[PDB]
Structure formats: C-alpha cells, structure tokens
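A.B. asks: Let me see the structure of the following:
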Amino acid sequence: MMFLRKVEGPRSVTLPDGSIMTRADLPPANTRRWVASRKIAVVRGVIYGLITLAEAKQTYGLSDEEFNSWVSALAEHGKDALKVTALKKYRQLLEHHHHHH
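C.D. replies: Residues are numbered from 1 along each chain as shown. Sharing the structure here:
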C-alpha cells in the first residue's frame, strides 16, 4: 500500500510556523499531561503532517469537543471559521493539490 506522499527519509514534518516534529512525539491518545504545546502539537501534527481527520479522530480523536478546543485556540479569528490555517489547508488542498511542471 503506497501513498502519494513519499515520506520516510524526512522523518519529520514542519508545521506552518512550528519547526519540525517527528512521528515519535505524537501523543498516542493516552499521553500523560496535555499541555498547550502538547495539544497544539496533535492537531498540527496529525492534520498538517500525517493523516486525515478520519484517522486522527479514531486514533487521536479523544473527545470531539476537546479536539475542537485545540483548533479553536489555533483559530483566534473566527469570522470565516474556514480561514483557520490548519483547516483552510486541509480543506483547500482537496481542490487541486498542485501541478508539477
């Protein structure tokens, strides 16, 4: 089962403004203490780095409102609610990824 994203060598993803993080620092739903950086790392890590919210909800979904509260903290400006960086990208990307030339 191969994916369109050839990622393995990089090992770490870069968040829009949050440096690089690996697939090892991901809170495996359990975790111990969910701190701000810890929570924000989940939403940015799963959505921007690894998988879709389908898997991120089944694995890292914990409580749906809880997950929303992380995104809400990352939103700040909620007029459009779609202009949220992590969500806008996860939404816009589905409509034409790019075009390699």
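A.B. asks: Tell me which stretches of this protein form helices.
C.D. replies: Here the chain has its helices, by DSSP state H, at 36-44, 53-58, 64-75, 85-92.
A.B. asks: Just the residues contacting the last one, thanks.
C.D. replies: Contacts of helix 85-92 with the rest of the structure, by Cβ atoms under 8 Å, 6 or more residues apart in numbering, involve 16, 43-44, 47-48, 52-53, 71, 74, 81-82. To be clear about C-beta, it is placed using only N, CA and C from the backbone, and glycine gets the same treatment.
A.B. asks: contacting residues for residue 56?
C.D. replies: Residue 56 touches 42, 46-47, 50, counting by Cβ under 8 Å, 6+ apart.
A.B. asks: and residue 18, how many neighbours?
C.D. replies: Residue 18: 14 surrounding residues under other Cβ atoms under 10 Å.
A.B. asks: Quick check: chain neighbours aside, which residue is closest to it?
C.D. replies: residue 44 (5.8 Å; Cβ to Cβ, 6 or more residues apart in numbering).
A.B. asks: same deal with residue 11?
C.D. replies: Once flanking residues are discounted, residue 11 sits nearest to residue 22: 5.7 Å by Cβ to Cβ, 6+ apart.
A.B. asks: Next, work out how far apart that neighbour and residue 41 are.
C.D. replies: When distance is defined by Cβ to Cβ, to the nearest Å, residue 22 is 11 Å away from residue 41.
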